[PDB]
Amino acid sequence: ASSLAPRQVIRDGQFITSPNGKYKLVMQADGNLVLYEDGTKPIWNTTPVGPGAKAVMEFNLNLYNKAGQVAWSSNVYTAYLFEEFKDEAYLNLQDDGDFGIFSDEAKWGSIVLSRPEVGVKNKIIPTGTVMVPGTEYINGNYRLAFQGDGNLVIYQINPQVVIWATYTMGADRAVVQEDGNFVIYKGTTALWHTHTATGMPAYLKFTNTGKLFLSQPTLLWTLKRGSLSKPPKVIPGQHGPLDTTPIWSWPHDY
Ligand SMILES: [Cl-]
Ligand SMILES: [Cl-]
């Protein structure tokens, strides 16, 4: 995996790896968070805080010592840091060795929440996905299906119950677009869309609570670039089977 999920902890030799295999970010047993190139050359570090330490992804990436104090932080410069951002923000380590923290607000959803859902897990449907009748996703006790008949439906599985549906009868594809919109088409006729065309690539979140949301990447900070006041345009990255977050790549500068 090249990424860290909200609230994930790494410690005692656990690491992530860039998609090309060249860069490794490892939270060592001696308490140093170190970025390696080619498995042999350290190119950046926190410097060690000793045994018993860990790194956690919690809006910021924070290194904790054994006493439970924060000893190093990304220190993302932010107007507001609410507690639920800690449940949303994720990190990517990309192919030039930079690593970046994203925190993305729901642009559209199948339901309007009265408060954040605690401990929810999202199955990510990435940019460029083209759903075709017969496509399905399973997260927990819920199933997202783009059906033979063109309907996009969320079912509770056991027992089987319709939770939400588009009623896009006849449709033949549903496309998570580069422009930020999610659109259900018969041929090239648009039958339904999320109204989220902004020019920033879309992805969807399908939850293990039977909900679907669309979000767009919002890069706030990188190790090499610092804090960014406006989010640059990124492009979909190469995910592998252990990645559970969106994966992106970003250019070296403007
Ligand atoms: Cl360094
Ligand atoms: Cl996860």
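Heavy atoms only: backbone and side chains are in, while hydrogens, waters and symmetry mates are out. Here, residue 1 is the first one in the sequence, and each next residue gets the next number.
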Linked, directly or transitively: [X] and [Y] (ILVMFWY side chains, under 4.5 Å):
{"X": "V183", "Y": "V130", "result": "yes"}
{"X": "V176", "Y": "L152", "result": "yes"}
{"X": "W72", "Y": "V26", "result": "no"}
{"X": "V34", "Y": "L223", "result": "no"}
{"X": "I163", "Y": "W108", "result": "yes"}

Do the side chain of [X] and the main chain of [Y] share a donor and acceptor less than 3.5 angstrom apart?
{"X": "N151", "Y": "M169", "result": "no"}
{"X": "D30", "Y": "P48", "result": "no"}
{"X": "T196", "Y": "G180", "result": "yes"}
{"X": "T168", "Y": "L191", "result": "no"}

Checklist entry - Under the criterion ring pair (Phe, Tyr, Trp, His ring centres under 6.0 Å), which of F15, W250, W44, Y23 is the partner of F99? => result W44
Any donor-acceptor pair under 3.5 Å linking the side-chain atoms of [Y] with those of [X]?
{"X": "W248", "Y": "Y90", "answer": "yes"}
{"X": "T47", "Y": "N32", "answer": "no"}
{"X": "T198", "Y": "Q216", "answer": "yes"}
{"X": "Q69", "Y": "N65", "answer": "yes"}
{"X": "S215", "Y": "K205", "answer": "yes"}
{"X": "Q94", "Y": "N92", "answer": "no"}
{"X": "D38", "Y": "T40", "answer": "no"}

A quick test of your reading: do over 12 heavy atoms of other residues, nucleotides or ligands sit less than 6.0 Å from [atom1] of [X]?
{"X": "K186", "atom1": "NZ", "value": "no"}
{"X": "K224", "atom1": "NZ", "value": "yes"}
{"X": "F82", "atom1": "CZ", "value": "yes"}
{"X": "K123", "atom1": "NZ", "value": "no"}
{"X": "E178", "atom1": "CD", "value": "no"}
{"X": "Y185", "atom1": "OH", "value": "yes"}

Checklist entry - Would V70 and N60 satisfy side-chain contact (heavy atoms from CB on, under 4.5 Å), going step by step from the backbone distance to the final call? => result CA-CA 11 Å; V70 178; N60 283 298; over 6 Å; no
Got a second to check how far [X]'s [atom1] is from [Y]'s [atom2], nearest 0.5 Å?
{"X": "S73", "Y": "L61", "atom1": "OG", "atom2": "CG", "answer": "7.5 Å"}
{"X": "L220", "Y": "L228", "atom1": "CG", "atom2": "CG", "answer": "8.0 Å"}
{"X": "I138", "Y": "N141", "atom1": "CD1", "atom2": "CG", "answer": "9.5 Å"}
{"X": "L212", "Y": "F182", "atom1": "CG", "atom2": "CZ", "answer": "6.5 Å"}
{"X": "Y137", "Y": "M131", "atom1": "OH", "atom2": "CE", "answer": "4.5 Å"}
{"X": "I101", "Y": "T218", "atom1": "CD1", "atom2": "OG1", "answer": "13.5 Å"}

Checklist entry - Between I10 and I16, does a side-chain contact (heavy atoms from CB on, under 4.5 Å) hold up when you go through it step by step? => result CA-CA 9 Å; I10 52 162; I16 57 176; 5.5 Å; no
Checklist entry - What's the verdict on side-chain contact (heavy atoms from CB on, under 4.5 Å) for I154 and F206, showing C-alpha distance, side-chain angles and the deciding distance? => result CA-CA 9 Å; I154 294 177; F206 177 54; 4.1 Å; yes
Determine whether [X] and [Y] make a side-chain contact, defined as any pair of heavy atoms from C-beta on separated by less than 4.5 Å.
{"X": "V9", "Y": "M27", "result": "no"}
{"X": "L35", "Y": "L93", "result": "yes"}
{"X": "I235", "Y": "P201", "result": "no"}
{"X": "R225", "Y": "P232", "result": "yes"}
{"X": "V120", "Y": "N208", "result": "yes"}

Where is the tightest heavy-atom contact between [X] and [Y], given as atom of each residue plus distance?
{"X": "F146", "Y": "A171", "value": "CZ-CB, 4.0 Å"}
{"X": "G187", "Y": "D172", "value": "N-OD1, 3.0 Å"}
{"X": "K86", "Y": "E58", "value": "CG-O, 3.5 Å"}
{"X": "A174", "Y": "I184", "value": "CB-CG1, 4.0 Å"}
{"X": "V56", "Y": "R7", "value": "CG2-O, 4.3 Å"}
{"X": "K211", "Y": "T209", "value": "NZ-O, 3.2 Å"}

Checklist entry - Going through the distances and angles, do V76 and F59 end up as a side-chain contact (heavy atoms from CB on, under 4.5 Å)? => result CA-CA 8 Å; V76 174; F59 187 72; 4.0 Å; yes
Checklist entry - Only one of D104, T129, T127 clears side-chain hydrogen bond (donor to acceptor under 3.5 Å, both in side chains) with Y203; which? => result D104
